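Okay, so we've got a single protein chain in two different forms coming up as structure tokens, structure 1 first and structure 2 after it.
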Structure 1
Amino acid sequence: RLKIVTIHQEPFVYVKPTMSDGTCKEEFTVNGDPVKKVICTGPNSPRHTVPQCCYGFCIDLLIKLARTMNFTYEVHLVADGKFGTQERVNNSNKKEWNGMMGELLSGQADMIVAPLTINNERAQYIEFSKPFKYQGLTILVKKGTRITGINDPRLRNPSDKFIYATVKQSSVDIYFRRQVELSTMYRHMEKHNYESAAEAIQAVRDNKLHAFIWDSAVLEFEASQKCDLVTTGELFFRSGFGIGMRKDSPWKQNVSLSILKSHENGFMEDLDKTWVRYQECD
């Protein structure tokens, strides 16, 4: 049985408590079909790991992959709650990956099934399937806020009058560490970065964070569901999400094959109509 690691990230992965009896609430999609739910163990003050209910775009994809490739699995949420960047550890010069990247490389996971950004930095250590989704980075702000994009002066010439940030240890860090100007901006963001996307988004709603830089697939969904939040500027650092596996895995070819077929037969498009574009904000 493959150990699949994922992370809370609506609409790709929803995480909810189980019912008192340990089962998952029966729900239905916008089409009337049952929502497929899997048990995913992970962190819920003292930290506790417990069985929870997971569902969403990536869970449906996982279920399809498992059926197509005939494998069984067990899902768990990344222990440190991060996507993954490489940093020095234990105050030494030894570098290790944190987040889902670290769990895959350590063997705690055999496959990463989540909205994981494909980039050169990560590709040096793991293998990615071809993209199952094409997207990029954008910016989330409160309705009414005026910003041109990543080149806006309030971003390029930072001030305590307009606070912007991202989520720590994600591909946004990787991307910004590739340009001097962006590097400076990231150092400034570092003082405000959040632990999770959900917390940063809530901060924008509460007017505690003026701009949140993150994945457009996630931000456009959030903005489409909350009439008080909007995305702004042109997308930058276009990239795709892919399934992550260790180098020389026996699953890479078949995973990419399944993803290709899903892009060909409408399966991926159907996931978008089920989980991304289906209702107005409320």
Structure 2
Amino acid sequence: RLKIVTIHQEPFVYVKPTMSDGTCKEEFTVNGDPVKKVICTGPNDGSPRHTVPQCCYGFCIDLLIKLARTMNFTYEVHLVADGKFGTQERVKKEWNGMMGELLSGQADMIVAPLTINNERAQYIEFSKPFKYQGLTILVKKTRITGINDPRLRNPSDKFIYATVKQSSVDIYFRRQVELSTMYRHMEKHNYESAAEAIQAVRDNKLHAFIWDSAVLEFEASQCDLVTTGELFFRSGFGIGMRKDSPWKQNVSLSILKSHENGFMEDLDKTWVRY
């Protein structure tokens, strides 16, 4: 049985408690199909982290079930114990989150919206992307062309834009010299969570929210808000495996086959488009 690590990240992985008999509540998609759910063990919340069975489903779980059937492997799913995707932190840096669990052997496969980047690829093997990634901008149903719009490039208090404090976006902007002016503007307005930032766009307190395009398109599926402009800072989400994994070739070939036959587009229409 392959040990799969995942993380709570809607709409790719939903995490919900089991029902009172320990099963997962039977539910259905917008297209009218039953939601496939797997039990995923993980923490519940300087407090003890009691690990309990929970119900996991979404884009990434649908993909896992496909891969498992297609490549004839068995699996057990758990939620990353420290709640993190995976950054190198110094104690001699060490990987936390899903990256550290994969490298330590606590997981054999990362199945999650794990952004492909150079730092992680130095240490692990990514598949070909199962979903292409980028940033976009969430606004009230307001035109912004994207990262090169004058109201972003030349910021003023008349048009407030922000992201999530300490997020990957926050870090990414701090890193590029050319984004210095936008970074300092966001720094004055960044929110503690995505949910709060999205609520502030609804309430005309934040005019534009810079965040992952898949999440933001998922959000615009409620609609008073919309995504706007061209995507920017694009990359992809891939399945993560150790360098030695005998699965990596067929995992990546299966992902190509699922893009090419429309399986992946179906996933987008079930979980991201509405």
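The term rigid core refers to the maximal set of C-alpha atoms that superpose within 1.5 Å between the two forms. When a residue number appears, read it as a position in the sequence of structure 1, where counting begins at 1.
Each of 237, 262, 204, 58 but one sits over 12 positions from any hinge; the one at the hinge between the rigid parts between the two structures is 237. Superposition of the larger rigid part on its C-alpha atoms leaves the smaller part rotated by 26 degrees between the two structures.
Relative to the superposed rigid core, residue 220 shifts its CA by 3.0 Å between the two structures. We note a C-alpha movement of 1.4 Å at residue 135 between the two structures, with the rigid core held in register. On core superposition, residue 162 has its C-alpha offset by 10.5 angstrom between the two structures.
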